[PDB]
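Here is the structure we will look at.
All of this is worked out from the model, or read from it or from the source named; these are not laboratory values. Backbone-built Cβ (ideal geometry, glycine too); neighbour counts: all protein chains shown.
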Amino acid sequence: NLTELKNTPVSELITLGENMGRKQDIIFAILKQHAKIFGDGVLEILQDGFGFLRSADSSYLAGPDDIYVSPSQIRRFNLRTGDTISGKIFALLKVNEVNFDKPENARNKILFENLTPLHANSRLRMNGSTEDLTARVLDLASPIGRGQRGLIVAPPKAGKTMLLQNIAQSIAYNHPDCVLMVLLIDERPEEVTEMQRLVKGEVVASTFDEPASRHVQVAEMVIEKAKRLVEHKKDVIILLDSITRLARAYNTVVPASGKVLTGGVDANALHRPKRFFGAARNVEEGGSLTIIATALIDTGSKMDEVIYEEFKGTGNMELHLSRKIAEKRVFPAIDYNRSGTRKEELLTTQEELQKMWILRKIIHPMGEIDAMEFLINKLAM
Amino acid sequence: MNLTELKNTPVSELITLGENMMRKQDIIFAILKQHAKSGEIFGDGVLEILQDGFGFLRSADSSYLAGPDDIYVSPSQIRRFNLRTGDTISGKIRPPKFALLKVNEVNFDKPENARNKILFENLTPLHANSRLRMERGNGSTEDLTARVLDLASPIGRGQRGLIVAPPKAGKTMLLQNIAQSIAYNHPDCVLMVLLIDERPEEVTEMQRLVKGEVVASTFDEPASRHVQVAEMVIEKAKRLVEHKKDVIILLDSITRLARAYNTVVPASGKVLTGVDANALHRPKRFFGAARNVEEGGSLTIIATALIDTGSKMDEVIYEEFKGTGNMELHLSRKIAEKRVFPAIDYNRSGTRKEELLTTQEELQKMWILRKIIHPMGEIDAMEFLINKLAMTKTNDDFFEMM
RNA sequence: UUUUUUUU
Ligand code: BEF
Ligand SMILES: [Mg+2]
């Protein structure tokens, strides 16, 4: 297999080359010998109508190990960008599986654009450890359902990272069934490696050093891959940090329209990020697409307030985190009043909803710090 | 006999030496051309591969720019030793019928062992894990800046920090205090000082103040020279990191370098509010090179960021580099107007994953210290911190008091 | 590109 041999180290590999008779050249020499053989990747349809099976390790960037894909092969299995393909092969000879299933079942399916959207019906419940405090307060402040289109807004240094890592940890802890993949846009090289090591799932990232077009290309590869899995009635969950920097990437790419909104945002810049984030939806036909992206506020940048206020009219769930709490050093740093979930009565039971409604009423008059302090002590006992 | 050592020597010693065997640049050349006819010549410089395939060894005194003393390097040597831009080369040369015949050393190492090495892009990035204490312990007045720096924002190997402050707040003075602490405390690290589009009195001072390599480009120089100089410095840094060397670049400033790119880069398809789109990516490649290598070595970059200048272009450069650095040291103008140095904003200063740079107790006592200072104003906080540290000679003895 | 928008 091409992918497994790329993962294989040169030390173990070179021994095989001796028994058979650069790593990218030593591998191509071992691959050609056996021909006298399989590979996989994620499809990307070019402008000629052709395709390339990008590799997740290369972050779906144009690589040499990509497998050429014929247009006729797209015509037969109705393949589109984002589909996962595994078959014998560089040129793609034959396909064995499309989206982890038989290719004959992929030909007949409802397109993602035709799936009937709905409000999150099913609930994503979030050991007694100290890390469970952030997750237990989350269920109370803003419930999350399948297809939820929510944000994690907070000032810098507050702990946007710690909250996403805690959510991802609880997703694979309570919902191993749901497909979890973490997207990082304009992320720091030290923070991406840390992410890959403590999270259970796929991690697609794009360092801050990458160009804006790269941030856009990566994000659209992941979001399209999710749409394909939802067409197969699977529950997908995407964790992005952050939607704010991704919107700035689209604001850098979008052609200048001559009109500039407040904060310095182009008038046509927020359409594409609105479709990426708006792709998250609940489907009755089967499966769902959940997106939890962090939003930056109180950063001193007027541009980030316009972005947040715009995506707020696009999403339906928000979990605010206070900086004054991060200064007090207490966690979780959550602004209970500002937090909230739309159509929350569907995800929670009647008893649960009444107990949550009566709770918010008591916390509303309280201050930000005193509210979290009372909640942390009530959950500890 | 040496080309660089012959142009470095004064004219008086050069002419008298030439009489035994006109402009200085032709005196040295005439001495070399006659010394070649005697049957006996060596040169050195930093490699720069041109678009044509061949490269020329740029000299440091020329700030890595084209010079009549530059040595031609055939495409052959580039293939034999897999040479890339930034490689320092030292071998015997010859006058043109200048050209290099044989290299004796590549990147201060033997050509053979240097041919095969892991690329810089393949190196894996990590959080800084080796602390770089700045306080010299001399008890000098300058140590106050380094002591407050260690308590506010710790620095490590592969650190990527920013000295953010308004004009005339003490950022250039900060790098002077850092370079002195890098040479005094960590002489093992390779120290390079890059001064982009700044005052000409500040480059001459920087050269006499700290021992190392000061590569600069005053505001007398075009914006095209600012970029090229920075390109040569960063590539040289990457080559040294490939030899597992701990490199530390002190840039001043990142804003001025980002402005030079915007002026040089061909008009982007779109112009953001005015700075170009593709123009801001190039500085991110220079500043993003800073990282901690798991395989070995590191690349530290501490550049100064300019704010509150009344320029939208400066505020855009800062917004794009704000969340980039894992280390930030803010300076206040109000503290500087009161002439209270170091004029540091202790509350906004801090570093990411600093629990890897400080001991458990240290990190705890630093957190207690930040809690006490948090309510205070920025001027009251610094005068309070300087006072507590004045009672002590070293930060450690200051810790035990708490 | 300028002005308008960004922008007060
Ligand atoms: F004027 Be300072 F050097 F920013
Ligand atoms: Mg200065």
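Quick notes on this structure:
- Taken across region B:365-380, residues that are surrounded by 23 or more Cβ atoms within 10 Å (Cβ to Cβ) and not in a loop (DSSP other than H, G, I, E, B) do not occur at all.
- For first residues located in region B:382-393 and more than 21 Å from residue B:169 (Cα to Cα), partners that are exposed (fewer than 15 other Cβ atoms within 10 Å of the Cβ) and lie 6+ apart or on another chain with Cβ distances below 7 Å form the pairs B:393/B:139.
- Screening residue B:254 against (1) of a type outside the set (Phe, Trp, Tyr); (2) away from chain A (no Cβ under 14 Å); (3) within 16 Å of ligand 1 (Cβ to nearest atom) leaves a single unmet condition, (2).
- Hey, residue B:263 away from ligand 2 (no atom under 16 Å from the Cβ), within 9 Å of chain A (Cβ to nearest Cβ) and of a type in the set (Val, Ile, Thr) or not: no
- All conditions but one from (1) more than 13 Å from RNA strand C (Cβ to nearest atom); (2) among the aliphatic types (A, V, I, L, M); (3) surrounded by fewer than 20 Cβ atoms within 10 Å (Cβ to Cβ) apply to residue A:261; the one that does not is (1).
- Meets criteria (within 14 Å of chain B (Cβ to nearest Cβ) and crowded, with 21+ Cβ neighbours inside 10 Å) for residue A:325: yes
- Residue check for residue A:153: under 23 Å from residue A:320 (Cβ atoms) and surrounded by 21 or more Cβ atoms within 10 Å (Cβ to Cβ): yes
- Residues located in region B:201-217, provided they are of a type outside the set (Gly, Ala, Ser) and either away from ligand 1 (no atom under 13 Å from the Cβ) or in contact with an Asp or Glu (Cβ under 6 Å, 6 or more places away or on another chain) (or both): B:204, B:207, B:208, B:209, B:210, B:211, B:213, B:214, B:215
- Breaking point among (1) more than 24 Å from residue B:122 (Cα to Cα); (2) more than 11 Å from the chain's Cα centre (by Cα); (3) facing chain B (nearest Cβ under 10 Å), for residue A:233: (3)
- Within region A:181-202, considering residues that are among the aliphatic types (A, V, I, L, M) and within 13 Å of chain B (Cβ to nearest Cβ), the one surrounded by the fewest Cβ atoms within 10 Å (Cβ to Cβ): A:195
- Residue check for residue A:241: of a type in the set (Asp, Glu), within 14 Å of another protein chain (Cβ to nearest Cβ), under 30 Å from residue B:161 (Cβ atoms) and crowded, with 22+ Cβ neighbours inside 10 Å: yes
- In region B:273-290, the qualifying residues are those that are facing another protein chain (nearest Cβ under 9 Å) and more than 14 Å from the chain's Cα centre (by Cα), and the one that is surrounded by the fewest Cβ atoms within 10 Å (Cβ to Cβ) is B:285.
- Failed condition for residue A:208, given (1) surrounded by fewer than 22 Cβ atoms within 10 Å (Cβ to Cβ); (2) within 12 Å of chain B (Cβ to nearest Cβ): (1)
- In region A:303-314, residue surrounded by the fewest Cβ atoms within 10 Å (Cβ to Cβ) [restricted to those that are away from every other protein chain (no Cβ under 14 Å) and within 16 Å of RNA strand C (Cβ to nearest atom)]: A:309
- Selection status of residue B:178, in a strand (DSSP E or B), buried (at least 23 other Cβ atoms within 10 Å of the Cβ), away from RNA strand C (no atom under 16 Å from the Cβ) and more than 14 Å from every other protein chain (Cβ to nearest Cβ): no
- Candidates are the residues of region B:381-402 that are surrounded by 15 or more Cβ atoms within 10 Å (Cβ to Cβ) and of a type in the set (S, T, N, Q); the one that is farthest from the chain's Cα centre (by Cα) is B:392.
- The condition of being within 30 Å of residue A:58 (Cα to Cα) and away from chain A (no Cβ under 14 Å) holds for only one of B:119, B:83, that being B:83.
- Qualifying residue in region B:328-347 (condition: more than 11 Å from chain A (Cβ to nearest Cβ), among the small types (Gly, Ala, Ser) and more than 22 Å from residue B:135 (Cβ to Cβ)): no
- Criterion (outside the structural domain of residue B:49 (by CATH), away from ligand 1 (no atom under 16 Å from the Cβ) and not aromatic (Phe, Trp, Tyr)) met by exactly one of B:150, B:87, B:109: B:150
- Look at (1) away from RNA strand C (no atom under 16 Å from the Cβ); (2) surrounded by 17 or more Cβ atoms within 10 Å (Cβ to Cβ); (3) of a type outside the set (A, V, I, L, M, F, W, C) and you find that residue A:354 fails only one, number (2).
- The set of residues in region B:303-346 that are among the hydroxyl-bearing types (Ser, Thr, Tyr), within 15 Å of ligand 1 (Cβ to nearest atom) and out of contact with any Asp or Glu (no Cβ under 7 Å at 6 or more places or on another chain) comprises B:309, B:311, B:318.
- Odd one out for residue B:300, checked against (1) away from ligand 2 (no atom under 16 Å from the Cβ); (2) away from every other protein chain (no Cβ under 12 Å); (3) within 13 Å of residue B:258 (Cβ to Cβ): (3)
- In this structure, residue A:218 does not satisfy being within 16 Å of RNA strand C (Cβ to nearest atom) and aliphatic (A, V, I, L, M).
- In region B:364-378, the residues that are touching a helix residue (DSSP H, G or I) at 6+ places or on another chain (Cβ under 6 Å) and over 15 Å from residue B:349 (Cβ atoms): B:365
- The sole residue among B:295, B:361, B:355 that is more than 30 Å from residue B:235 (Cα to Cα) and within 14 Å of chain A (Cβ to nearest Cβ) is B:355.
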